[PDB]
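Only this structure's heavy atoms are used, side chains among them; waters, hydrogens and symmetry mates stay out. To find a chain, count down the sequence lines: A is the first, B the second, and so on, and within it residues start at 1. Ligands are counted one by one from 1 in listed order, and the atoms in each one are counted from 1 as well.
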Amino acid sequence: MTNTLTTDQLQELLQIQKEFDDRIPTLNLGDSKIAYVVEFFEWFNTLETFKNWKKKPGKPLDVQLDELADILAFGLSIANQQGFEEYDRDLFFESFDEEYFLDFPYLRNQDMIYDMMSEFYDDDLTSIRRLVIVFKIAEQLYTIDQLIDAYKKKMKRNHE
Amino acid sequence: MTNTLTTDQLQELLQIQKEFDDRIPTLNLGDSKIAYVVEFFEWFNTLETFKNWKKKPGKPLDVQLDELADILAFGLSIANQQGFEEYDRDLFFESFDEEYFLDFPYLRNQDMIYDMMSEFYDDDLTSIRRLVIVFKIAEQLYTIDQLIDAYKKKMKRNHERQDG
Ligand SMILES: O=c1ccn([C@H]2C[C@H](O)[C@@H](COP(=O)(O)NP(=O)(O)OP(=O)(O)O)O2)c(=O)[nH]1
Ligand SMILES: O=c1ccn([C@H]2C[C@H](O)[C@@H](COP(=O)(O)NP(=O)(O)OP(=O)(O)O)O2)c(=O)[nH]1
Ligand SMILES: [Mg+2]
Ligand SMILES: [Mg+2]
Ligand SMILES: [Mg+2]
Ligand SMILES: [Mg+2]
């Protein structure tokens, strides 16, 4: 069952993020939104689907998951900063369950980056959507469990 | 060594890039365009204008210039792959000379990244424009000379990659 997300897991992740962000008095929503986008590209660079010049493209899994965990962190951070109640959690699991286009072949296509950019400059981009994106990448390319594991490791390192 | 770019310097850069890209039989325009965008973000990440949580934000200058050089390389690559004649060179220097918005305060504002993204998703984005962007960053935040220096170093290293 290593590739499903429960409401308890999501709430624990939000709490872990909140306790870290509590240490950062400059915490700023505009910056965290920019940070999400930059981390997304850092992650996309580890995937290397556009790097036709590599003999063996793709950085190591742990490196890919570490970068994916940085996206989650800002996604969780934006969620907490905006306020993320039960109704928001409900809508997240409904959006996740109803997402049919963010699958493996789509996410492996280097051109997906343009679609993502379009969503990233849209000022209506929601905190729910940002989380759906990162969790669907985890579900389809990795597992949710591996993302959560990598996130917990990274957050411990971030605390030091 | 003047923070200016001449037509001879630009033509040398294009020739350096062509000779490297000649070694890459999978050379692909869509991939190079994607690569330009990715390297732009790798470079923006070294600037750290959005990273309010850092005691001392901004990676070292050599790191920042190295990443800036990777953008130049794909910009030069896209130029050569599309064809870059005299008329293209003429129009580049006119665009560069006529660019008044891409200055230091604008480029230091984290929010510029959204403007850049909009330009990057536009399929009408030109090879000239991509070069204007990277050379204005060099001019305003660094010097053109430092970019060229960093690009030449990086291309030597890149030749050694394909060597082994
Ligand atoms: O407000 C914040 C800021 C940072 N962080 C954490 C999340 C993420 O794991 C990490 C990202 O911070 P940096 O971008 O500064 N370090 P990174 O490991 O990404 O290296 P680089 O900056 O070289 O890409 O810090 C937060 O959780 N909240
Ligand atoms: O067609 C090409 C391919 C690569 N290059 C050069 C430009 C740039 O300096 C470098 C980019 O390739 P990589 O992304 O593999 N090197 P980097 O260490 O920057 O990548 P990463 O940080 O993702 O490991 O190789 C070209 O000039 N033309
Ligand atoms: Mg980072
Ligand atoms: Mg990162
Ligand atoms: Mg790179
Ligand atoms: Mg690079």
Side-chain angles (χ1 to χ4, degrees), chain A residues 17 20-21 24 26-28 30-48 50-54 57 59-78 113 120 130 133-134 137-138 142 147 150-152 154-155 158, chain B residues 17 20 31-54 57-58 60-77 110 113 130 134 137-138 142 147 150-152 154-155 158-162:
Chain A
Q17 191 60 229
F20 183 76
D21 289 349
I24 310 303
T26 56
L27 188 67
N28 172 277
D31 288 354
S32 307
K33 287 183 178 193
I34 287 164
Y36 180 95
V37 176
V38 176
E39 294 296 337
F40 190 95
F41 281 91
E42 295 175 13
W43 167 73
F44 180 74
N45 195 40
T46 64
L47 193 65
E48 303 196 326
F50 62 91
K51 297 200 187 181
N52 63 78
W53 56 91
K54 255 53 175 30
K59 283 168 160 66
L61 180 74
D62 50 330
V63 169
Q64 288 180 44
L65 287 162
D66 195 52
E67 299 295 342
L68 188 63
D70 296 327
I71 302 167
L72 180 59
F74 291 110
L76 294 168
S77 184
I78 294 153
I113 201 66
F120 301 160
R130 287 188 186 77
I133 290 171
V134 64
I137 290 165
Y142 310 102
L147 172 59
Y151 173 82
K152 287 189 180 181
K154 186 67 177 89
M155 290 319 292
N158 286 334
Chain B
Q17 190 60 227
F20 182 76
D31 287 355
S32 306
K33 285 183 178 193
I34 286 164
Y36 178 94
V37 175
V38 175
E39 294 295 338
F40 192 93
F41 280 90
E42 295 175 12
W43 167 73
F44 181 73
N45 195 39
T46 65
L47 253 196
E48 303 196 324
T49 51
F50 63 92
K51 297 200 187 181
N52 62 79
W53 55 92
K54 288 264 181 159
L61 181 74
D62 53 328
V63 170
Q64 286 179 45
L65 287 163
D66 194 52
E67 299 294 344
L68 187 64
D70 295 326
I71 303 167
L72 179 60
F74 292 110
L76 293 170
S77 185
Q110 311 86 283
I113 200 66
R130 287 188 187 78
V134 65
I137 289 165
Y142 311 101
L147 174 59
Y151 173 80
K152 288 188 180 181
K154 184 68 170 263
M155 290 319 292
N158 286 334
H159 276 289
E160 289 156 24
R161 273 171 188 71
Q162 303 298 308

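Its N, O or S atom nearest to the Mg ion (ligand 4) is what matters here, and for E42(A) that atom is OE1. In terms of distance to the Mg ion (ligand 6), the nearest N, O or S atom of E67(B) is named OE1. Here the N, O or S atom of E39(A) that is nearest to the Mg ion (ligand 3) is OE2. Atom OD2 is the N, O or S atom of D70(A) at the shortest distance from the Mg ion (ligand 4).
Using a cut-off of 2.8 Å, one finds that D66(B) contributes no N/O/S atom close to the Mg ion (ligand 6).
The two residues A73(A) and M155(A) have their closest heavy-atom pair at CB-SD, 4.4 Å.
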Query raised in the report: So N52(B) and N28(A), side-chain hydrogen bond (donor to acceptor under 3.5 Å, both in side chains) or not? Walk me through it.
Result: CA-CA 8 Å; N52(B) 62 79; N28(A) 172 277; 5.0 Å; no

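Between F74(A) and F40(A), the ring center distance fails the sub-6.0 Å criterion.
When each of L76(A), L147(A), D70(A) is checked for a side chain to side chain contact (heavy atoms under 4.5 Å, CB included) with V134(A), only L147(A) meets the rule.
Between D66(A) and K154(A) there is no salt bridge, since none of the side-chain N atoms of the basic residue sits less than 4.0 Å from a carboxylate O of the acidic one.
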